[PDB]
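Basis: the model, the stated rules and, where named, an outside source; no laboratory read-out is quoted. Every residue, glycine among them, receives a Cβ derived from its backbone with ideal geometry; neighbour counts consider all protein chains shown.
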Amino acid sequence: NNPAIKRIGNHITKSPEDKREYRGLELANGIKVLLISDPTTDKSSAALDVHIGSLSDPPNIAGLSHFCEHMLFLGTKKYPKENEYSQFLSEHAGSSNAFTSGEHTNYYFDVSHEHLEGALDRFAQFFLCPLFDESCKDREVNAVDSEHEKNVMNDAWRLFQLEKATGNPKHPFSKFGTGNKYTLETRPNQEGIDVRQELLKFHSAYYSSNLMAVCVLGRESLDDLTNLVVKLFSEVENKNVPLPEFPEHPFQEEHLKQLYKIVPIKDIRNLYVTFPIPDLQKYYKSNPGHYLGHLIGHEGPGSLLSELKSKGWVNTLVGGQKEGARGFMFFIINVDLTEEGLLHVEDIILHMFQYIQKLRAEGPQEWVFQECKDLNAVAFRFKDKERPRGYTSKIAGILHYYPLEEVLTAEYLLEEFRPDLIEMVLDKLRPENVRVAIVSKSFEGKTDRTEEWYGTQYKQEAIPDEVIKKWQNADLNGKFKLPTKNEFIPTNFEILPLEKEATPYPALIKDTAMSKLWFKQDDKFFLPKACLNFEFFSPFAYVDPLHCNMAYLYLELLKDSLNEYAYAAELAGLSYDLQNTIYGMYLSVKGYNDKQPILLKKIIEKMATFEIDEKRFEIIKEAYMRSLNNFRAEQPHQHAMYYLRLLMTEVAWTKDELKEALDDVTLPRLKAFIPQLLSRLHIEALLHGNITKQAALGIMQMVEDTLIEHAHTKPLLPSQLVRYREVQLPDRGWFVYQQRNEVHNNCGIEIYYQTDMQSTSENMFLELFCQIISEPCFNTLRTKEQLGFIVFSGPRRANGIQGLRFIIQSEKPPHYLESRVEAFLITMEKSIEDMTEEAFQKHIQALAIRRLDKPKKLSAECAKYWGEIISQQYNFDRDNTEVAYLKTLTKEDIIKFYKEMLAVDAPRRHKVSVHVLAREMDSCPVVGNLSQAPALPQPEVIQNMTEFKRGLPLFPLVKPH
Ligand SMILES: [Zn+2]
């Protein structure tokens with residue numbers, strides 16, 4: 001009845017909570033398709049996943065599939081303009097990205113719901129007739145080179161590639177997926193290769209309809225979505241490509257029983273333990289690898305981690321199955337390492353094998369399976385509604401692995417108890433199949449090997465056969481017990497009836513010296529979940545570097561202490577977040593509401609009566625020291641942002657000040673700090689979800705009463721509720737602050753054009769301008785000018801003040817970067833003068849959709865309110881208000897705003913620039929086809945942050961709504 005469709009699927013199993021409608025189908029050309037209809041969605045979305053990636057890169061052109069991914073965005077026969085795609089999305093409230101894994105290339109976008117077809121049509125052409133334009137290729141190669149550059153000095157990426165380097169060199173696993181200028185341009189030139197043709201060959205070879213899945217989400221009916229997907233995708237050609245497979249493991253015989261000693265960039269201490277395993281993917285109905293992951297990676301009483309931590313050897317552990325590709329997987333057990341732990345690796349691994357032996361001795365446990373199965377069933381039933389773009393991306397990828405009818409449920413619902421598989425996998429976790437990697441600065445100078453792509457310094461040794469034996473004879477350790485029943489498993493899921501006096505926004509339901517309580521019963525999502533957000537104010541968390549250190553250590557020690565007990569809550573979908581802030585403390589509790597009161601109470605009770613284990617204090621202090629030091633290894637652009645925070649905020653302690661003050665933190669001194677901190681507080685809370693007003697008032701009073709009882713807490717004076725201000729820059733001023741990054745060989749720059757206080761009008765001026773310049777900026781400064789991978793523009797908001805910021809990471813020096821941004825600003829003004837009245841209105845419309853986009857899930861809506869509360873603006877109806885005003889703005893208003901605040905000769909330009917110089921750059925000046933960059937004034941070089949701040953006014957704070 002339709003030659004274009006091979007088959008429609010049966011019912012797609014969904015959560016009964018889920019109001020969205022679904023249809024699976026397979027096209028005649030073999031594209032597997034999931035259609036999602038949500039007539040309420042603000043943004044629509046599509047994604048396509050090709051089952052080809054890096055593992056299929058030609059051996060002579062490393063990174064070609066990743067390069068292909070970049071290239072697809074840059075013009076097709078039907079839509080030749082390099083930025084037609086991104087520009088269209090931008091003008092219609094959409095966004096887009098893509099990634100390349102070993103076996104996948106995944107492309108996705110969202111757009112205003114009214115413009116699905118326009119978006120999707122442009123999108124489809126990626127997979128039909130890409131141009132791979134000659135000039136785009138030459139340019140885009142730098143973006144990829146830049147992508148790789150930032151990864152070079154990153155410890156995760158180095159370990160990632162090092163593993164691949166130390167397996168079978170013949171195996172596709174050993175390939176370099178990212179690529180760079182060398183692999184994508186330099187080497188290929190030297191070798192007579194036309195990469196444009198190679199891109200064409202590759203696309204044509206592997207971009208076969210038979211290796212593709214597509215997911216589309218929109219307001220349209222399932223039938224309309226069907227016609228649409230047929231109309232645009234049934235013309236993709238079926239080239240019948242065999243799906244690549246890797247049945248032989250990249251780790252063979254001679255790759256096992258190997259030790260690797262590795263030098264990190266950061267001062268980190270890690271042990272990596274790895275076993276080769278078969279592909280467990282097909283066993284998705286039982287997840288035997290996850291069963292063992294769940295047990296070996298447990299953190300409750302009796303667990304592997306518990307003992308390792310008690311012995312003061314490790315702080316954290318990750319265990320479980322790790323993805324490989326079709327035909328191979330890994331099982332891992334990874335831990336960080338204390339100083340002591342570094343000298344006891346052999347015992348740690350013994351304990352690991354002892355725990356595994358316990359699992360053998362006990363045999364597989366149906367009740368453990370049953371518990372996971374139940375938790376997963378609940379998780380799936382009450383899953384939060386996803387944002388469309390993440391969802392379509394995810395589904396496109398998993399359409400390759402499960403029957404149509406099962407795509408939604410397959411990763412959640414367990415069906416089979418499989419003691420056989422559990423033992424089969426367990427039988428592979430043996431010392432004769434082990435790989436051990438130690439990462440420590442102590443191997444500095446003691447290595448004899450260098451990994452090609454990153455330069456990673458390492459050494460390789462056979463593990464002594466006697467050590468293997470010691471591990472093989474590991475017997476039972478009395479310290480290791482399986483976890484017992486999980487008491488935190490929720491059973492009460494009733495959604496409370498919507499109260500008579502319920503409101504659309506949070507209501508101030510308690511206003512006392514001790515606490516401000518904001519409250520909202522959920523009127524949208526109707527899942528049995530809640531958010532309990534608390535802000536504790538104390539001047540003593542940030543009075544000086546010492547106290548800041550102490551606030552941090554206190555809360556880290558608290559969390560470390562609670563970890564065992566809290567682990568079960570987390571498995572049961574009840575988690576918490578607890579950290580020190582520049583104003584005191586922040587506590588959030590979220591998840592199923594049923595057992596929250598229990599977790600919260602244990603938290604507050606513990607913090608009010610805390611007793612510190614000295615062993616733990618020393619270990620945590622030491623890790624915190626390294627943590628601070630390790631900032632020197634963050635990326636230039638991150639340093640840039642850091643220095644701006646420091647320059648523009650009234651009060652801010654530097655990482656240098658914090659670490660210098662850290663040696664003065666003694667056990668006696670901390671014990672004294674805690675009661676001090678807790679003795680006077682103000683609390684501002686937002687309780688939001690499946691809870692009544694009486695429950696909310698009840699919870700708030702419980703928190704207070706616990707503090708009063710155990711810590712004697714009294715209220716804080718209203719005048720002690722100190723918010724910090726932002727530095728007020730002089731009209732027509734320009735400051736430059738300059739530092740060097742000693743790890744990375746790239747530059748970073750942040751340029752901040754401060755405007756004025758936040759307000760309806762000032763907000764929308766800035767925001768409209770950012771909307772208009774957003775993609776032109778990416779297009780000019782990255783795509784055309786290829787300055788770097790990281791090119792960013794948009795609003796800066798802090799302390800109630802705002803402005804325009806640019807952030808770039810580049811191999812080019814900041815003074816050069818600077819003039820290009822300035823050049824760009826002028827382009828934008830002409831551009832704004834040149835654009836139609838409609839083109840203007842389209843941008844108003846796009847920002848309007850962006851701002852009005854409704855949160856899909858409780859925590860997202862909660863987050864919007866929390867922003868209103870923590871900023872002390874309390875403007876819960878901001879979106880409607882600000883959009884109404886947005887629609888009033890004319891082209892002329894924006895031109896004036898720019899001329900008055902932003903232009904190079906603007907009367908009220910307030911400019912700060914942070915230059916972060918590359919490792920290899922000695923000094924560097926602060927000032928200096930392509931568009932015209934204007935002449936700039938001499939900047940005032942900031943010599944000292946304190947003096948700079950002392951010499952300027954401070955802005956007012958914003959007035960509450
Ligand atoms: Zn990329």
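Per the listing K516, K500, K559, the residue uniquely part of a strand (DSSP E or B) and among the basic types (K, R) is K516. Among the residues of the stretch 256-267, those that are touching a strand residue (DSSP E or B) at 6+ places or on another chain (Cβ under 6 Å) and either part of a strand (DSSP E or B) or under 19 Å from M625 (Cβ atoms) (or both) comprise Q258, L259, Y260, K261, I262, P264. Pairing each residue of the stretch 171-198 that is in the same structural domain as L159 (by CATH) with any residue that is away from the ligand (no atom under 16 Å from the Cβ) and of a type in the set (D, E), provided the two are 6+ apart or on different chains, yields C-beta distances under 7 Å for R196/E134. Every residue in the stretch 67-90 that is assigned to a loop (DSSP other than H, G, I, E, B) and of a type in the set (S, T, Y), please. Scanning the stretch 67-90 gives a single hit, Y79.
Entry remark, the stretch 393-448: residues being in a helix (DSSP H, G or I) and of a type in the set (A, V, I, L, M) number 9 in total.
When restricted to residues that are of a type in the set (G, A, S) and assigned to a helix (DSSP H, G or I), the stretch 192-233 contains 3. Among the residues of the stretch 449-469, the one identified as over 21 Å from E253 (Cα atoms), of a type outside the set (S, T, Y), touching a strand residue (DSSP E or B) at 6+ places or on another chain (Cβ under 8 Å) and in a loop (DSSP other than H, G, I, E, B) is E451.
Of all residues in the stretch 748-790, those satisfying the criterion of being more than 16 Å from the ligand (Cβ to nearest atom), small (G, A, S) and within 30 Å of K181 (Cβ to Cβ) are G748, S774.
Scanning the stretch 302-328 for residues that are assigned to a loop (DSSP other than H, G, I, E, B) and buried (at least 21 other Cβ atoms within 10 Å of the Cβ) returns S303, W313, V314.
Which residue, of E564, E535, is over 23 Å from the mean Cα position of the chain (by Cα), among the charged types (D, E, K, R) and farther than 30 Å from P301 by Cβ?
Values: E564 fails: farther than 30 Å from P301 by Cβ.
The match here is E535.
Between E147, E134, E114, the distinction of being of a type outside the set (A, V, I, L, M, F, W, C), within 18 Å of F202 (Cα to Cα) and surrounded by fewer than 21 Cβ atoms within 10 Å (Cβ to Cβ) belongs to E134 only.
So that you can scan it fast, the table gives a plain yes or no per residue for (1) in a helix (DSSP H, G or I); (2) touching a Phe, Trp or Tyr at 6+ places or on another chain (Cβ under 6 Å); (3) under 26 Å from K812 (Cβ atoms):
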| site | (1), (2), (3) |
| --- | --- |
| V111 | no, no, no |
| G118 | yes, no, no |
| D121 | yes, no, no |
| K137 | yes, no, yes |
| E147 | yes, yes, yes |
| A156 | yes, no, no |
| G167 | no, yes, no |
| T178 | no, no, yes |
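Can you name the residue in the stretch 1-29 that is charged (D, E, K, R) and farther than 22 Å from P388 by Cβ and, of all such residues, is surrounded by the most Cβ atoms within 10 Å (Cβ to Cβ)? Give the derivation first.
Here is the first cut: in the stretch 1-29, the residues charged (D, E, K, R) are 6-7, 14, 17-21, 23, 26.
So of that shortlist, the ones also farther than 22 Å from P388 by Cβ come out as 6-7, 26.
Details: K6: 14, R7: 11, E26: 17.
Only one residue fits best here, namely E26.
Out of the helices (runs of 4 or more DSSP H) lying entirely within the stretch 615-734, which hold 1 or more residues that are under 30 Å from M921 (Cβ atoms)? It would help to see each step written out before you state the result.
Working: elements: 636-648, 655-662, 667-679, 693-711.
Because the criterion is at least 1 residues that are under 30 Å from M921 (Cβ atoms), the helices (runs of 4 or more DSSP H) in the stretch 615-734 that meet it are 636-648, 655-662.
Within the stretch 67-76, being within 16 Å of the ligand (Cβ to nearest atom) and more than 15 Å from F99 (Cα to Cα) holds for one residue alone: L74.
Considering only residues that are assigned to a loop (DSSP other than H, G, I, E, B) and touching a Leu at 6+ places or on another chain (Cβ under 7 Å), look in the stretch 96-109 and name the one that is nearest to the ligand (Cβ to nearest atom). Reasoning before the result, please.
As a first pass, look at the stretch 96-109 and keep what is assigned to a loop (DSSP other than H, G, I, E, B): 101-104.
From the residues that got through so far, the ones that are touching a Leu at 6+ places or on another chain (Cβ under 7 Å) too are 102-103.
Working: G102: 15, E103: 17 Å.
Among those residues, the one meeting the criterion is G102.
Selection of first residues in the stretch 786-800 that are within 24 Å of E767 (Cβ to Cβ) and of second residues that are within 16 Å of the ligand (Cβ to nearest atom) and outside any loop (DSSP other than H, G, I, E, B), restricted to Cβ pairs under 7 Å at least 6 apart or on distinct chains, gives the following pairs, ordered by first then second residue: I790/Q809; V791/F778; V791/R782.
Can you tell me which residue within the stretch 696-721, out of those that are small (G, A, S) and within 36 Å of the chain's Cα centre (by Cα), is farthest from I582 (Cα to Cα)?
Among residues in the stretch 696-721 that are small (G, A, S) and within 36 Å of the chain's Cα centre (by Cα), the one farthest from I582 (Cα to Cα) is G698.
Take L343 and tell me if it is in the same structural domain as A437 (by CATH), surrounded by fewer than 23 Cβ atoms within 10 Å (Cβ to Cβ) and aliphatic (A, V, I, L, M). Yes. Screening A93 with (1) away from the ligand (no atom under 16 Å from the Cβ); (2) within 26 Å of the chain's Cα centre (by Cα); (3) outside any loop (DSSP other than H, G, I, E, B); (4) under 27 Å from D42 (Cβ atoms) gives one miss only, at (3).
So, of the residues in the stretch 35-66 that are in a strand (DSSP E or B) and more than 26 Å from the chain's Cα centre (by Cα), which turns out to be nearest to the ligand (Cβ to nearest atom)? That would be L35. Taken as a whole, the structure places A156 among residues that are more than 15 Å from the ligand (Cβ to nearest atom), surrounded by fewer than 22 Cβ atoms within 10 Å (Cβ to Cβ) and either among the small types (G, A, S) or outside the structural domain of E248 (by CATH) (or both).
Considering (1) in contact with a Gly (Cβ under 7 Å, 6 or more places away or on another chain); (2) over 28 Å from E406 (Cβ atoms), the lone condition that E91 does not fulfil carries the number (1).
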